[PDB]
Q: 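My questions will all concern the structure given below.
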Number of protein chains: 2
Amino acid sequence: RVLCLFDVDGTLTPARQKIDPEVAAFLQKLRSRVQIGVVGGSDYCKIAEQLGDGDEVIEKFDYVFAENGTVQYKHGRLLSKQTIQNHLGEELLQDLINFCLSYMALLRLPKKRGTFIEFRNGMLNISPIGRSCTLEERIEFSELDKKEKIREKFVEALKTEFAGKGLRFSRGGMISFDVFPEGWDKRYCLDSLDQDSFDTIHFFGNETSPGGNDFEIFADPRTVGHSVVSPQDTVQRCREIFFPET
Amino acid sequence: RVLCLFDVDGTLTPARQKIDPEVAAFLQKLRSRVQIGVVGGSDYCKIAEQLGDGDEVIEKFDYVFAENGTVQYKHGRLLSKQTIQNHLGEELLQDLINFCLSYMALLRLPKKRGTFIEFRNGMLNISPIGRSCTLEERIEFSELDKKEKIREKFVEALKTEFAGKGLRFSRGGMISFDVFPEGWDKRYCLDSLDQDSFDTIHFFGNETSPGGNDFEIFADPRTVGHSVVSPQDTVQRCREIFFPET
Ligand SMILES: O=P(O)(O)O[C@H]1O[C@H](CO)[C@@H](O)[C@H](O)[C@@H]1O
Ligand SMILES: O=P(O)(O)O[C@H]1O[C@H](CO)[C@@H](O)[C@H](O)[C@@H]1O
Ligand SMILES: [Mg+2]
Ligand SMILES: [Mg+2]
Ligand SMILES: [Mg+2]
Ligand SMILES: [Mg+2]
């Protein structure tokens with residue numbers, strides 16, 4: 001009983017884009033020997049869009065872990081969600097929210113819009129410009145952010161304010177950063193997988209160095225870790241391990 | 001060339017619910033004598049959901065004005081949008097946004113979530129709890145709000161701060177209030193309609209008294225105004241005016 005578990009962006013697909021039909025075809029071939037799963041920081045809709053038409057993703061993969069595994073489809077079935085408010089408690093969560101509102105009230109940007117704080121399943125996403133900006137506005141903010149280190153300074157202030165309180169931050173996006181509970185990196189999905197009797201869980205990712213969003217799940221003793229540089233590399237690695245004779 | 005223009009909630013449908021098939025059938029009958037249109041403060045998706053399946057609404061009505069007419073479908077065709085930032089300018093808009101962020105940072109509630117500021121086409125929607133709350137959380141906030149007058153006090157502070165700057169406020173919702181430019185009440189749709197050569201525009205609404213969201217469009221010299229108390233009343237009124245012989 002083996003599971004191959006894959007990061008999505010840069011591991012199975014070009015970052016944030018549709019999977020190559022050849023890679024998709026190989027994954028289904030691999031599926032004749034092992035179970036296959038994906039884990040990504042993006043939401044289900046995004047991952048679904050990258051990995052097939054409609055909701056095909058939950059049929060094509062045995063596991064679909066969205067938002068680092070806080071959202072789980074297991075053999076086509078959506079499991080219940082643990083909420084961030086349940087984990088953090090309402091007081092810490094609101095302390096965080098109000099600190100962010102207060103900080104952003106004092107930031108002056110070329111443009112602001114709406115959805116400065118997006119309450120997701122696995123994180124709070126914080127966007128100084130607001131998520132409802134256009135593409136050109138998005139690019140404008142990104143360029144300013146590089147010059148003024150707006151998100152970086154905001155994250156420094158947050159880390160210090162909440163020191164010791166179990167919060168983690170990532171600047172994965174362009175107009176935002178994510179705030180998530182400690183352990184709600186990709187390792188989150190491993191606790192559910194622990195219960196599914198796999199002899200071996202192979203994890204493949206393209207950000208397996210320190211600071212990368214695959215590091216923790218890669219390095220976790222529950223996984224056999226594989227560092228890849230592209231979807232073609234991932235396929236080669238899988239052929240080598242699971243189709244040695246071929 | 002006559003247009004009948006209808007508010008949606010409480011005028012054609014029970015508030016925020018699907019239209020009665022009998023009322024829907026009458027509107028299509030009325031359409032044999034006049035053009036028919038709807039104008040609502042809700043977004044297109046909501047109005048579409050109330051008035052048919054899928055996008056049937058834009059086929060069933062000659063005009064669909066969503067968000068008070070800042071979003072317009074004319075004979076099945078979506079017209080271009082004028083944006084709030086274009087109208088207000090980026091400086092006033094950000095002054096507004098930062099005042100709201102600052103104010104809300106200091107509010108302590110039982111629960112907070114996300115989407116405190118929703119940037120729509122025709123307004124900014126401001127929600128102290130956050131739009132991404134659950135139904136029970138929504139009811140919890142509503143009950144607290146009645147006790148503490150949270151939205152009312154927030155709106156007082158905003159009106160005073162932006163006195164003379166052309167902003168209007170409404171507490172139409174339960175967990176939020178809307179901020180919109182002066183004249184972006186339902187009258188907004190009348191400027192486009194002015195260009196469409198109607199001899200007469202009859203407007204029907206159920207909130208036509210001062211303070212009601214139909215008052216301005218009702219009282220506008222460009223419309224023949226009709227006050228109704230229900231969709232059955234609206235139908236009766238229409239039969240009386242446009243099918244006098246029947
Ligand atoms: O700020 P950006 O560039 O839109 O990226 C953020 O939001 C994306 C969409 O929800 C996420 O997919 C990203 O992971 C990130 O949380
Ligand atoms: O705060 P509430 O109760 O969700 O209502 C507000 O949002 C609704 C949905 O966008 C709108 O339909 C309402 O008109 C209002 O702007
Ligand atoms: Mg990756
Ligand atoms: Mg490992
Ligand atoms: Mg009404
Ligand atoms: Mg009038």
Side-chain angles (χ1 to χ4, degrees), chain A residues 2-17 19-20 23 26-27 30 34 36-43 46-47 50-51 61 63-71 120 122-126 142 145-146 149-156 158-160 162-163 166-194 198 200-242:
Chain A
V2 178
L3 175 61
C4 288
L5 185 59
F6 303 92
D7 170 58
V8 178
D9 288 326
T11 298
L12 293 187
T13 78
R16 308 196 67 86
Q17 309 310 319
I19 191 163
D20 178 5
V23 177
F26 173 73
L27 291 174
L30 184 60
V34 304
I36 68 176
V38 294
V39 54
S42 292
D43 64 25
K46 187 78 44 46
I47 295 172
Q50 293 181 73
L51 297 175
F61 293 84
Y63 296 84
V64 183
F65 292 108
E67 300 184 52
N68 288 344
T70 60
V71 173
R120 302 182 185 167
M123 71 215 82
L124 265 57
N125 180 266
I126 313 298
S142 183
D145 185 51
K146 292 172 207 164
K149 303 206 298 199
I150 299 170
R151 295 181 293 153
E152 188 173 311
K153 286 174 77 77
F154 195 169
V155 171
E156 286 307 299
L158 277 163
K159 294 188 293 182
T160 298
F162 295 99
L167 294 186
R168 303 287 175 264
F169 307 82
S170 58
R171 285 158 301 174
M174 178 184 278
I175 68 169
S176 68
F177 57 88
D178 301 273
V179 186
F180 56 98
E182 57 174 43
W184 287 34
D185 54 76
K186 285 194 171 82
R187 282 177 299 180
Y188 188 92
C189 74
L190 295 180
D191 291 298
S192 189
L193 289 175
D194 267 335
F198 290 108
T200 309
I201 302 176
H202 289 87
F203 171 80
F204 302 77
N206 72 308
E207 285 186 32
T208 63
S209 291
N213 67 28
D214 301 317
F215 173 71
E216 300 87 358
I217 188 168
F218 167 83
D220 194 285
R222 291 170 289 182
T223 65
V224 180
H226 303 279
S227 306
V228 302
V229 300
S230 68
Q232 292 67 41
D233 189 9
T234 301
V235 171
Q236 205 196 122
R237 200 72 53 77
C238 287
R239 286 183 201 275
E240 287 177 334
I241 299 166
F242 305 101

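By convention in this document, chain letters (A, B, ...) are assigned in the order of the sequence lines, proteins followed by strands, and residues within each chain are numbered from 1. Keep in mind that the numbers below use all heavy atoms, side chains included, and drop hydrogens, waters and symmetry copies.
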Q: I'd like to know if the side chain of A:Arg151 reaches the main chain of A:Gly173, judged simply by a donor and an acceptor atom lying under 3.5 Å from each other, with no hydrogens or angles considered.
A: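 Judged by distance alone, yes, a pair lies under 3.5 Å.
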Q: Step through the shown structure and confirm whether more than 12 heavy atoms of other residues, nucleotides or ligands are within 6.0 Å of CZ on A:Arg222.
A: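 Counting other residues, nucleotides and ligands, CZ of A:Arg222 exceeds 12 neighbours.
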Q: Is the shortest side-chain heavy-atom distance between A:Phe65 and A:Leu193 below 4.5 Å?
A: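 In short, these two side chains touch, coming nearer than 4.5 Å.
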Q: With a 4.5 Å cut-off on side-chain heavy atoms, are A:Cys4 and A:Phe242 touching?
A: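 Heavy-atom side-chain distance check passes, below 4.5 Å.
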Q: OG/A:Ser176 to CG/A:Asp145 distance, rounded to the nearest 0.5 angstrom?
A: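 Interatomic distance, A:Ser176 OG to A:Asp145 CG, rounded to 0.5 Å: 10.0 Å.
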Q: Tell me whether A:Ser209 contacts the main-chain N or O of A:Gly212 through its side chain, where contact means a donor paired with an acceptor under 3.5 Å.
A: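 Not confirmed, A:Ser209 side chain does not pair with A:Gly212 backbone.
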Q: For A:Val224 and A:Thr200, work out which heavy atoms get closest and say how close.
A: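 Answer, listing the atom of A:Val224 first, then A:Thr200: CG2-CG2, 3.7 Å.
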Q: I would like to know whether A:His202 and A:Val34 meet side chain to side chain contact (heavy atoms under 4.5 Å, CB included); could you show each step before the answer?
A: CA-CA 10 Å; A:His202 289 87; A:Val34 304; over 6 Å; no
Q: Could you walk me through whether A:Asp185 and A:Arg168 pass the side chain to side chain contact (heavy atoms under 4.5 Å, CB included) test, one step at a time?
A: CA-CA 9 Å; A:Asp185 54 76; A:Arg168 303 287 175 264; over 6 Å; no
Q: Is the side chain of A:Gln17 donor-acceptor paired with the backbone N or O of A:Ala15 at a distance under 3.5 Å, no angle test?
A: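 Between the backbone of A:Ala15 and the side chain of A:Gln17 there is a qualifying donor-acceptor contact (under 3.5 Å).
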Q: Should A:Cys189 and A:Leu5 count as side-chain neighbours, where that means a heavy-atom distance under 4.5 Å?
A: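 Result yes, sub-4.5 Å side-chain heavy-atom pair found.
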Q: If the plane angle is over 60° it's perpendicular, under 30° parallel, otherwise tilted; pick one for A:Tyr188 and A:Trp184.
A: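 Geometry flag for A:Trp184 against A:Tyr188: perpendicular rings.
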Q: Kindly say whether A:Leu12 contributes a backbone atom to a donor-acceptor pair with the side chain of A:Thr234 at under 3.5 angstrom?
A: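 Side chain of A:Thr234 to backbone of A:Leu12: no pair is present.
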Q: Testing the basics here: between A:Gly41 and A:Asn68, what is the closest heavy-atom pair and its distance to 0.1 Å?
A: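 What the structure gives for the nearest pair is CA-OD1, 3.4 Å.
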Q: State, with a plain yes or no, whether a side-chain heavy atom of A:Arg120 is found less than 4.5 Å away from one of A:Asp43.
A: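 No, side chains not in contact.
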Q: Just verifying a value: how many Å separate A:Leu51 CG and A:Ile19 CD1, rounded to the nearest 0.5 Å?
A: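 Rounded to the nearest 0.5 Å, the CG-CD1 separation comes out at 5.5 Å.
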Q: May I ask you to check whether A:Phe204 and A:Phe6 place their ring centres under 6.0 Å from each other?
A: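 That pair passes the under 6.0 Å test.
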Q: Rounded to the nearest 0.5 Å, how far does CG of A:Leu3 lie from OH of A:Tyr63?
A: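 Reported to 0.5 Å precision, the distance equals 6.5 Å.
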Q: With a 4.5 Å heavy-atom cut-off, do A:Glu207 and A:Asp7 have their side chains touching?
A: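 Counting from C-beta outward, A:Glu207 and A:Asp7 never come under 4.5 Å.
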Q: Does the A:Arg16 side chain pair with the main chain of A:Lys46, one donor and one acceptor, at a distance under 3.5 Å?
A: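 Between the backbone of A:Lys46 and the side chain of A:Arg16 there is no qualifying donor-acceptor contact (under 3.5 Å).
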Q: Determine the interplanar angle of the A:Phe154 and A:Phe177 rings, folded into 0 to 90°, and report it as parallel if under 30°, tilted if 30 to 60°, perpendicular if over 60°.
A: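 Plane angle over 60°, so perpendicular.
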Q: For residues A:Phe215 and A:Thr208, report the shortest heavy-atom separation together with the two atoms involved.
A: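 Nearest heavy atoms, A:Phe215 then A:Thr208: CD1-O, 3.4 Å.
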Q: How long is the span from the CG atom in A:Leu190 to the CG atom in A:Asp220, to the nearest 0.5 Å?
A: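 Nearest 0.5 Å value for the CG-CG distance: 5.0 Å.
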Q: So do A:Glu67 and A:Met123 actually touch side chain to side chain, heavy atoms under 4.5 Å?
A: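 Heavy-atom side-chain distance check passes, below 4.5 Å.
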Q: Decide side chain to side chain contact (heavy atoms under 4.5 Å, CB included) for A:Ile47 and A:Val38; before the verdict, give the C-alpha distance in whole Å, the side-chain angles of both, and the deciding distance to 0.1 Å.
A: CA-CA 9 Å; A:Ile47 295 172; A:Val38 294; 4.3 Å; yes
Q: Using every non-hydrogen atom in the two residues, find where A:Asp9 and A:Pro14 come nearest and quote the distance to one decimal.
A: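 The answer is OD1-O, 4.2 Å.
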Q: Rounded to the nearest 0.5 Å, what separates atom CD in A:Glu182 from atom CD in A:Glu216?
A: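 CD of A:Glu216 is found 11.5 Å from CD of A:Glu182.
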Q: Shortest non-hydrogen contact from A:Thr223 to A:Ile217?
A: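 Closest heavy-atom pair between A:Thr223 and A:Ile217: OG1-O, 2.7 Å.
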Q: For A:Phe180 and A:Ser170, which heavy atoms make the closest approach, and how far apart are they?
A: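 Where A:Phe180 meets A:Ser170 most closely, the heavy atoms are CE2-OG, 3.7 Å.
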